[PDB]
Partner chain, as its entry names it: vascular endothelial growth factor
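The data below hold one chain only, encoded as structure tokens and taken in the form deposited without its partner chain.
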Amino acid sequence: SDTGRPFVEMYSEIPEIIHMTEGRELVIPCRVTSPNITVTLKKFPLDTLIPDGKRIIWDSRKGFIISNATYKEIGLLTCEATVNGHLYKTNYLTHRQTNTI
């Protein structure tokens, strides 16, 4: 809901610890009730991971699907949406599981 809360899946306080790996697919699961709402994928401090729609594919009903994960998606990501004059947001700490044997 634009009025209630746009996010279907969203944190509380502690960022979601995603054990990722570079090269492979990385989903940031901050989907919303409708694409029209339009979420912006930020990263700490104030970086913007623009949904290019090739590598970073924004699936409103799943998450931001970074098909080829890179160093660019290692850190505190933050999905943000100022919908009905209210900053709704949710955080995702993308931890690489270093030596992914």
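Positions refer to the first chain, counted from 1.
Although not depicted, the form deposited with its partner chain bound is the subject of the following passage.
Is there a heavy atom of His19 no more than 4.5 Å from a heavy atom of its partner chain in the deposited bound form? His19 belongs to the contact set for its partner chain.
Is there any non-hydrogen atom of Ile14 lying within 4.5 Å of its partner chain in the deposited bound form? Yes, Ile14 lies within 4.5 Å of its partner chain in the deposited bound form.
Can any non-hydrogen atom of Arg5 be found within 4.5 angstroms of its partner chain in the deposited bound form? Because no heavy atom of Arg5 falls inside 4.5 Å of its partner chain in the deposited bound form, the answer is no.
With heavy atoms only and a cut-off of 4.5 Å, decide whether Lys72 touches its partner chain in the deposited bound form. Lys72 belongs to the contact set for its partner chain.
Its partner chain in the deposited bound form reached by all of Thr40, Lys54 and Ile57, non-hydrogen atom within 4.5 Å: No, the whole trio is out of contact, none within 4.5 Å by any heavy atom.
Does any residue in 25-53 get within 4.5 Å of its partner chain in the deposited bound form, counting heavy atoms only, and if so which ones? The stretch touches the partner through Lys43, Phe44, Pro45.
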